[PDB]
């Protein structure tokens, strides 16, 4: 009865719908499990009505990013602000030493650059001769270049370089070394309302096309051409083509028994083996976010980028200087609990410099992410956990210890002191319709397989879109956006040609 049925109203599904309408196609649907559109793009509201992108926040690769360029044109035409370039010189903070960024003797940034070059050479033309973890690679580097590194460099470098965990959403001992380093095609552009992006695209097509709260439970290849879709609530539909944009992790459920899993779609016939095997090449990371809202800014706005390094030790240096080899290094490193805010690196965006708002947008990674999200309702504990790093940051930015005012008590004493008024946490790892952040590589994974299998589709009528179905912008908002235009345009041309 419908030309195209799109499953999922994230940026992937919405752009497709937008594209179809744009190409004169009608009788199309967008079945979304949630009670809202946007998918992993969600802008929440907190203290005094401030807004934040608890999901995607930045426009990456602004040199080639087509979605960004589109937003740029709009802004060029109407003069409105839709984004701000917030790249800045990073401020790195160690609990004991304080700031270690741009240091005349540590020069951590410089050796960090050699490290990435080292990673580049390590995997160059060799099909990744036996892959390891990002952790293993950093150790190999330290062992190989010890002769050219000071004691402090061997101590802090490995902790500084782990900011990359916040790009992938995985601890360095879980991250694939081969995929760790990547090149960004230009500066990043912090979106000032990714919801504005969602809204514009969402409005692009006939509203009656949208069907919220439709959890698709099964897709069947109607042995007669058309495809049939059923939403948990009973309703059944049928269309010429279907575009499945559910996240990789959710789609991965289809290869298990008992369609009992929330979100799991029942494919009939099942998804061909080329697809099933693709999932063996790992994926899904866990990038999390915690927003810290203060009454107002009373600290230095030198930079909008800040990272706290996990604790490190001088004994680590000694072990590195003494290891006779890689094996001896591993064993020696083996030193036999309890996680704290100083157990992993943490990335903070000081929103005051870039947007004027007195709040910090912090990024976290697996395994910390699921732990912090698990206790997202317990603000008291959340504060206790991050208080020590929140205090060190304020001390390094010419201010003082944070005052807990989540349960306010107006006091004049808190004149020039930072007053925390609210904490917000993401929930992606616990949300069944997302089950994590976005595709990521565990040592031994090959991302290309999924892209190929996905972009090829189950068959002529069952296509796939989403951040896990494309090479350029993979795992990125613009990637999904473009993958959405891809499927739409393809079906759009086929329909126009039919006669």
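Residue numbers count along the first chain shown, from 1. Under this definition, the rigid core comprises the largest set of C-alpha atoms superposing within 1.5 Å between the forms.
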item: Comparing 275 to 283 and 151 to 159 where Cα RMS over structures and residues is taken in 8 other deposited structures of this protein (core fit), larger one; value: 275 to 283
item: Which of 323 to 331 and 68 to 76 strays further in 8 other deposited structures of this protein - Cα RMS after rigid core alignment; value: 323 to 331
item: Missing-residue flag, residue 414, threshold a third of other entries; value: yes
item: Other entries lacking residue 87, at least a third; value: no
item: Higher-scoring stretch by recorded Cα B factor average, 273 to 281 or 181 to 189; value: 273 to 281
item: Residue range whose averaged C-alpha B-factor is higher in the record, 355 to 363 or 262 to 270; value: 262 to 270
item: Which of 218, 144, 314, 136 ranks first by CA B-factor in the deposited coordinates; value: 218
item: From 10, 484, 475, 24, residue of greatest CA B-factor; value: 24
item: Residue 318 - Cα temperature factor, lowest/middle/highest third of chain; value: middle
item: Modelled-residue ranking by C-alpha temperature factor, third containing residue 418; value: middle
item: B-factor third for the C-alpha atom of residue 255 within its chain; value: highest
item: Residue 55 by Cα B-factor - lowest, middle or highest third of the modelled chain; value: lowest
item: Residue 401 - which third its CA temperature factor falls in, relative to the rest of the chain; value: middle
